[PDB]
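Enquirer: Sharing a structure, written as structure tokens. Questions coming.
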Amino acid sequence: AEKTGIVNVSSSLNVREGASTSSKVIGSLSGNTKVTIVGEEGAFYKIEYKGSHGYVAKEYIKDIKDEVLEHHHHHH
């Protein structure tokens, strides 16, 4: 069951490849941007980053709810 967390920042959210507060930044994501979570580890959530696995703190994650959107958007 995949989970989507809503990003909440005053400017932007940094993405780390490790799990520490200052491990290694590989890029950043826009605010209110949804992130897919496949698991959790420590005080940080694991997400599927394009090219590898991104790690972010739970503090920048708010309102976590499932939302995979049913297939076939076109309504019969």
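Simple scheme: letters A, B, ... for chains in structure tokens order, numbers from 1 for residues in each chain, numbers from 1 for ligands in the order shown.
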Can you tell me, as number ranges by chain, what residues are no more than 6 Å from segment 52-57 of chain A when counting only C-alpha atoms, ignoring any on the same chain fewer than 3 positions away?
Expert: A: 15-17, 19, 44-49, 60
Enquirer: Please dump the current selection as a PDB file, in the first residue's frame; keep N, CA and C atoms.
Expert:
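again29.pdb, freshly written:
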ATOM      1  N   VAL A  15      16.261  17.161  -0.451  1.00  0.00           N
ATOM      2  CA  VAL A  15      16.190  15.667  -0.445  1.00  0.00           C
ATOM      3  C   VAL A  15      17.571  15.106  -0.117  1.00  0.00           C
ATOM      4  N   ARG A  16      17.631  14.190   0.815  1.00  0.00           N
ATOM      5  CA  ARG A  16      18.936  13.585   1.212  1.00  0.00           C
ATOM      6  C   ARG A  16      18.984  12.123   0.769  1.00  0.00           C
ATOM      7  N   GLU A  17      20.148  11.661   0.410  1.00  0.00           N
ATOM      8  CA  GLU A  17      20.303  10.246  -0.027  1.00  0.00           C
ATOM      9  C   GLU A  17      20.575   9.380   1.205  1.00  0.00           C
ATOM     10  N   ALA A  19      20.191   9.572   5.696  1.00  0.00           N
ATOM     11  CA  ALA A  19      19.046   9.611   6.649  1.00  0.00           C
ATOM     12  C   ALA A  19      19.364  10.628   7.754  1.00  0.00           C
ATOM     13  N   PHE A  44      12.911   9.567   9.730  1.00  0.00           N
ATOM     14  CA  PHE A  44      12.861  10.016   8.303  1.00  0.00           C
ATOM     15  C   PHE A  44      12.042   9.026   7.482  1.00  0.00           C
ATOM     16  N   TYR A  45      11.411   9.501   6.439  1.00  0.00           N
ATOM     17  CA  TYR A  45      10.578   8.610   5.577  1.00  0.00           C
ATOM     18  C   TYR A  45      11.328   8.277   4.290  1.00  0.00           C
ATOM     19  N   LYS A  46      11.217   7.053   3.846  1.00  0.00           N
ATOM     20  CA  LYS A  46      11.910   6.638   2.597  1.00  0.00           C
ATOM     21  C   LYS A  46      10.973   6.858   1.412  1.00  0.00           C
ATOM     22  N   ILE A  47      11.454   7.507   0.381  1.00  0.00           N
ATOM     23  CA  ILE A  47      10.601   7.770  -0.818  1.00  0.00           C
ATOM     24  C   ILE A  47      11.320   7.320  -2.086  1.00  0.00           C
ATOM     25  N   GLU A  48      10.569   7.054  -3.119  1.00  0.00           N
ATOM     26  CA  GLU A  48      11.182   6.607  -4.399  1.00  0.00           C
ATOM     27  C   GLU A  48      11.677   7.825  -5.181  1.00  0.00           C
ATOM     28  N   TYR A  49      12.944   8.126  -5.072  1.00  0.00           N
ATOM     29  CA  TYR A  49      13.503   9.299  -5.798  1.00  0.00           C
ATOM     30  C   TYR A  49      13.884   8.894  -7.221  1.00  0.00           C
ATOM     31  N   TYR A  60       8.832  17.713   7.700  1.00  0.00           N
ATOM     32  CA  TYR A  60       8.433  18.377   6.423  1.00  0.00           C
ATOM     33  C   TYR A  60       7.296  17.587   5.772  1.00  0.00           C
TER      34      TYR A  60
END
Enquirer: Take atom CA of residue 28 of chain A and atom CA of residue 65 of chain A and report the distance between them in Å, one decimal.
Expert: 21.7 Å
Enquirer: Might you pull out every residue within 10 Å of residue 2 of chain A, with only C-alpha atoms counted and same-chain residues fewer than 4 positions away left off, and present them as an NGL selection string?
Expert: :A and (36-39 or 47 or 65-68)
Enquirer: If you measure from atom CA of residue 63 of chain A to atom CA of residue 26 of chain A, what distance in Å do you get, rounded to one decimal?
Expert: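 According to the coordinates, atom CA of residue 63 of chain A and atom CA of residue 26 of chain A are separated by 24.6 Å.
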Enquirer: Please, what distance in Å, to one decimal, runs between atom CA of residue 14 of chain A and atom CA of residue 43 of chain A?
Expert: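 A separation of 15.4 Å between them.
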Enquirer: Just the strand (DSSP E or B) stuff from chain A, please, per backbone DSSP, written as a ChimeraX atom specification.
Expert: /A:3-7,13-16,25-29,34-41,44-49,52-57,61-65
Enquirer: Using only N, CA, C and O atoms, please write the residues we just selected to a file, as a compact mmCIF listing (two decimals), in the first residue's frame.
Expert:
# COMPACT_ATOMS: atom_id res chain seq x y z
N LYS A 3 1.99 5.17 0.05
CA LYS A 3 1.44 6.34 0.81
C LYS A 3 2.00 7.63 0.22
O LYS A 3 3.14 7.68 -0.21
N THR A 4 1.21 8.67 0.18
CA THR A 4 1.67 9.97 -0.39
C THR A 4 1.66 11.04 0.70
O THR A 4 0.64 11.33 1.31
N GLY A 5 2.79 11.64 0.95
CA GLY A 5 2.90 12.70 1.99
C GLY A 5 2.92 14.08 1.34
O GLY A 5 3.59 14.30 0.35
N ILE A 6 2.21 15.02 1.91
CA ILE A 6 2.18 16.40 1.34
C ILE A 6 3.35 17.21 1.92
O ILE A 6 3.49 17.36 3.12
N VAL A 7 4.18 17.74 1.06
CA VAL A 7 5.35 18.53 1.54
C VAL A 7 4.88 19.91 2.02
O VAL A 7 4.10 20.58 1.38
N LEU A 13 11.85 22.01 -0.26
CA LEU A 13 12.28 20.88 0.62
C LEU A 13 13.53 20.22 0.04
O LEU A 13 13.59 19.88 -1.13
N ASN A 14 14.53 20.03 0.86
CA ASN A 14 15.79 19.39 0.38
C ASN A 14 15.66 17.87 0.47
O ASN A 14 15.02 17.34 1.36
N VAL A 15 16.26 17.16 -0.45
CA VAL A 15 16.19 15.67 -0.45
C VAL A 15 17.57 15.11 -0.12
O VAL A 15 18.57 15.50 -0.69
N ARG A 16 17.63 14.19 0.81
CA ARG A 16 18.94 13.59 1.21
C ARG A 16 18.98 12.12 0.77
O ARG A 16 17.99 11.42 0.76
N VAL A 25 22.87 16.08 0.12
CA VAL A 25 21.72 16.61 -0.68
C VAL A 25 21.94 16.30 -2.16
O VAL A 25 22.99 16.57 -2.72
N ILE A 26 20.95 15.73 -2.80
CA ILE A 26 21.07 15.39 -4.25
C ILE A 26 20.13 16.29 -5.05
O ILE A 26 20.11 16.28 -6.27
N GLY A 27 19.34 17.09 -4.38
CA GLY A 27 18.40 17.98 -5.12
C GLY A 27 17.34 18.53 -4.17
O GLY A 27 17.52 18.58 -2.97
N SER A 28 16.22 18.96 -4.70
CA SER A 28 15.14 19.51 -3.84
C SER A 28 13.78 19.33 -4.52
O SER A 28 13.70 19.06 -5.70
N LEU A 29 12.72 19.48 -3.77
CA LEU A 29 11.34 19.32 -4.35
C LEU A 29 10.51 20.56 -4.03
O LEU A 29 10.73 21.24 -3.04
N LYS A 34 3.80 16.15 -3.81
CA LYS A 34 3.50 14.81 -3.23
C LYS A 34 4.71 13.88 -3.39
O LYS A 34 5.37 13.88 -4.41
N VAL A 35 4.98 13.08 -2.38
CA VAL A 35 6.13 12.13 -2.46
C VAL A 35 5.65 10.72 -2.14
O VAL A 35 4.95 10.49 -1.17
N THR A 36 6.00 9.77 -2.97
CA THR A 36 5.55 8.37 -2.74
C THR A 36 6.44 7.71 -1.68
O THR A 36 7.65 7.74 -1.76
N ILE A 37 5.83 7.12 -0.69
CA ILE A 37 6.60 6.44 0.40
C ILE A 37 6.37 4.93 0.31
O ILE A 37 5.25 4.46 0.25
N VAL A 38 7.44 4.18 0.31
CA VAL A 38 7.33 2.69 0.24
C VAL A 38 7.75 2.10 1.59
O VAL A 38 7.71 0.90 1.81
N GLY A 39 8.16 2.93 2.52
CA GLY A 39 8.57 2.41 3.85
C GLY A 39 9.03 3.55 4.75
O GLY A 39 9.07 4.70 4.36
N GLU A 40 9.39 3.24 5.98
CA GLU A 40 9.85 4.28 6.94
C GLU A 40 11.12 3.81 7.63
O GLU A 40 11.38 2.63 7.75
N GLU A 41 11.92 4.73 8.10
CA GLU A 41 13.17 4.35 8.80
C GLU A 41 13.60 5.48 9.73
O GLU A 41 13.92 6.57 9.30
N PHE A 44 12.91 9.57 9.73
CA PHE A 44 12.86 10.02 8.30
C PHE A 44 12.04 9.03 7.48
O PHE A 44 11.98 7.85 7.78
N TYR A 45 11.41 9.50 6.44
CA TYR A 45 10.58 8.61 5.58
C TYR A 45 11.33 8.28 4.29
O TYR A 45 11.99 9.11 3.70
N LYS A 46 11.22 7.05 3.85
CA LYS A 46 11.91 6.64 2.60
C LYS A 46 10.97 6.86 1.41
O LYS A 46 9.83 6.45 1.43
N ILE A 47 11.45 7.51 0.38
CA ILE A 47 10.60 7.77 -0.82
C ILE A 47 11.32 7.32 -2.09
O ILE A 47 12.53 7.21 -2.13
N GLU A 48 10.57 7.05 -3.12
CA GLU A 48 11.18 6.61 -4.40
C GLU A 48 11.68 7.83 -5.18
O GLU A 48 10.93 8.49 -5.87
N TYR A 49 12.94 8.13 -5.07
CA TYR A 49 13.50 9.30 -5.80
C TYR A 49 13.88 8.89 -7.22
O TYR A 49 14.32 7.79 -7.47
N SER A 52 17.25 7.14 -7.57
CA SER A 52 17.68 6.43 -6.33
C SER A 52 16.59 6.54 -5.26
O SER A 52 15.43 6.75 -5.55
N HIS A 53 16.98 6.41 -4.01
CA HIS A 53 15.99 6.51 -2.89
C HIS A 53 16.20 7.82 -2.13
O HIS A 53 17.27 8.10 -1.62
N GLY A 54 15.17 8.62 -2.04
CA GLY A 54 15.28 9.93 -1.32
C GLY A 54 14.86 9.76 0.14
O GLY A 54 14.01 8.95 0.46
N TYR A 55 15.45 10.53 1.01
CA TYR A 55 15.10 10.45 2.46
C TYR A 55 14.74 11.85 2.97
O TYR A 55 15.45 12.81 2.73
N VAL A 56 13.64 11.97 3.68
CA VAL A 56 13.23 13.31 4.21
C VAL A 56 12.72 13.17 5.64
O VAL A 56 12.24 12.13 6.05
N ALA A 57 12.83 14.22 6.41
CA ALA A 57 12.37 14.18 7.83
C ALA A 57 10.84 14.22 7.91
O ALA A 57 10.17 14.76 7.05
N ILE A 61 6.86 16.53 6.41
CA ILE A 61 5.75 15.71 5.84
C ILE A 61 4.48 15.93 6.66
O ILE A 61 4.47 15.80 7.87
N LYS A 62 3.40 16.26 6.00
CA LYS A 62 2.12 16.52 6.72
C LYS A 62 0.94 15.95 5.93
O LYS A 62 0.96 15.88 4.71
N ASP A 63 -0.09 15.56 6.63
CA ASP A 63 -1.30 14.99 5.97
C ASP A 63 -0.91 13.82 5.06
O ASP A 63 -0.94 13.92 3.84
N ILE A 64 -0.56 12.71 5.64
CA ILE A 64 -0.18 11.52 4.82
C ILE A 64 -1.41 10.67 4.55
O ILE A 64 -2.01 10.11 5.45
N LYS A 65 -1.80 10.57 3.31
CA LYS A 65 -3.01 9.76 2.96
C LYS A 65 -2.78 9.02 1.64
O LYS A 65 -2.06 9.48 0.77
Enquirer: Which residue gives the smallest distance to residue 9 of chain A among A:24, A:71, A:76, A:58, with only C-alpha atoms counted?
Expert: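 Under the stated criterion, the closest residue is A:58.
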